[PDB]
Ligand SMILES: [Zn+2]
Ligand SMILES: [Zn+2]
Ligand SMILES: [Zn+2]
């Protein structure tokens, strides 16, 4: 009637992704962790734009949408910043937002690539990922001689439930039972299917013998980071966020039980 | 024109309760927990943790409409137990599991970066 | 008050008052464009 | 008209790869090897780079409204 | 911005409106976390017999995994379904374009392996 005692085994850790395995947990816990990776791990992203001048060939909403999708390093700052809902300030303040400025003008004859390097921030900790000290800079717009783009953005705290720009992942590979032992899939021709990278089967064997007493355990994860957070920071923040969702739910539950 | 703001899936409206408990009259020792502004992420884990309790006879959840942003979790327990107590223990167990998982992931990261 | 317009052909900033034929003073082109307002329009980057 | 920022499917950043992709293509890479060099392993991101039409280069053939 | 009620179509007479939009965590995903941009109903295929839709989806998976543009010119004996399937089996995929998908809501595998791949859609 009590909690699982999950174990963890990290099989790869780079700056780009983290590949790990959780054992002795329920499939619902594993999938809620997977979902929180995508939808409830907050990060910083541009969510307010003011175009002072845009002579480029892309209209204002195009530039704004494009700026919103630039990942901003959010590692230590996202926990400190507040949601503008919770901030007791006006529209903005440094406690709930980060100011960016962009001011580019193509005077020279070659096309000027307005890239994420031109997004200048007031906060040194929250900068475009590509601008962080290889991979090139994200391209915001190409400008022709005489074209000019001057804007002022504000980045906010949010998560992927509100908009995919606050999603920190560039793909969450999730898998379990690589050999189809639980038979949660039913291959019409099991020989036709390639083997999982996590499979432990000799090549003559297509799928594992059916396990009637089996349950999903040993979930394999590959959490790729878009750049804002480190992959391990994505996983840790996901676990913390899920735990705080449950804690808030329990607080409200206690108020409802005692009020009855 | 008719697009709800994206925060309405996560944010509670003023005067709207996060969770409401209603006694189920069809069978004894059953309750319906209507949880607002949550989705399958918490519903699935709460249901599956409740299924681990042998004193829980029924544990299910549903999102009645995807365009709406609430879940209903039905919990029936044995007569000596309570669905509110079962729900509380399920949340406590999930919290402890996630705390242990977080500490062990921190340890695994430390080992991986060190050696 | 001035309502400065831009020329479609010579791209010249020139002021034109009401009740005035629409003519660029630099090249005589007949099509003019208004300049971007100074008002503050806000975009949610979504 | 311009290379998207993220992959529509996964959300991987592809905005910083169009210029590198073109530079690899003029370096006599095949499109597949070029996409492998940029680290686009999921066929969604390979779709993003491989099916992109840079129309902005044609829109920059027109003189702007102001000089 | 596309929304529920906007009409979309493939190049095979397969038109339809957006019924609902799910977020990436709500959509079904492959072992490598690819979610479909669009999900269309299998019942639109059999009566219509738009097998070109399926062959285009499979050829597009091969093209995206190979780094080329598929040749779908109508009468071309150098391109049939068996060749495309053999090509797709070389990139670590089921030769017929099926994949094991997982339920986005619960994370459980879907019993029936789903047919998924790149197809050219149009917004009308
Ligand atoms: Zn504030
Ligand atoms: Zn003129
Ligand atoms: Zn992708």
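Descriptive notes on the structure:
- Exposure proxy ranking, count of Cβ atoms within 10 Å, fewest first, for E:11, A:132, A:66: A:132, E:11, A:66
- Hydrodynamic radius by Kirkwood, which averages 1/r over all alpha carbon pairs of region A:131-260, in angstrom: 20.3
- Mean projected area of the convex hull spanned by the Cα atoms of chain D, taken over all viewing directions: 5.3 nm².
- For chain A, calculated [θ]222 nm from helices alone, where every DSSP H run of n ≥ 4 adds -39500 (n - 2.57): -6500 deg cm²/dmol
- Computed over chain E, relative contact order equals 33 percent, with contacts defined as Cα pairs under 8 Å that lie 6+ residues apart.
- Other protein chain C-beta atoms within 10 Å of residue C-beta, averaged over A:218-226: 2.
- Plainly put, region E:51-124 has a radius of gyration that is 1.03 times its Kirkwood radius, both from alpha-carbon atoms, as the Rg/Rh ratio.
- Looking at region A:43-164, the pairs of alpha carbons with a distance over 26 Å make up 21% of the total.
- Counting other Cβ atoms within 10 Å as a rough exposure proxy, the listed residues E:38, B:35, E:110 run E:38, E:110, B:35 from fewest neighbours to most.
- Footprinting exposure proxy for E:121, A:176 (fewest neighbouring C-beta atoms within 10 Å first): E:121, A:176
- In plain terms, if you count all Cα to Cα distances in chain C and split them into 5 Å steps from zero, the share in each step is 5, 21, 27, 17, 10, 7, 8, 4, 2 percent.
- Interatomic Cα distance distribution for the protein assembly as shown, bins of 20 angstrom, percent: 17, 48, 29, 6, 0
- Shape class for region A:1-102, computed from the alpha carbon gyration tensor (a ≥ b ≥ c): prolate, with a/c not under 1.5 and a/b above b/c.
- Relative to one another, the C-alpha centroids of region E:1-42 and region A:142-196 are positioned 15 Å apart.
- GNM result for chain B, Cα springs below 10 Å: residue of B:15, B:60, B:43 fluctuating most strongly: B:15
- Binned Cα-Cα distances of region E:9-49, short to long, each 5 Å bin given as a whole percent: 5, 18, 25, 19, 18, 13, 2
- For chain B, the alpha-carbon coordinates run over 58, 51, 22 Å along the three principal axes, in decreasing order.
- Candidates B:85, B:102, B:68, ranked by Gaussian network fluctuation over chain B, Cα under 10 Å, top entry: B:102
We place every Cβ from the backbone using ideal geometry, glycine too, and count neighbours over all the protein chains shown. Every number in this text was worked out from the coordinates using simple rules, so none of it is lab data.
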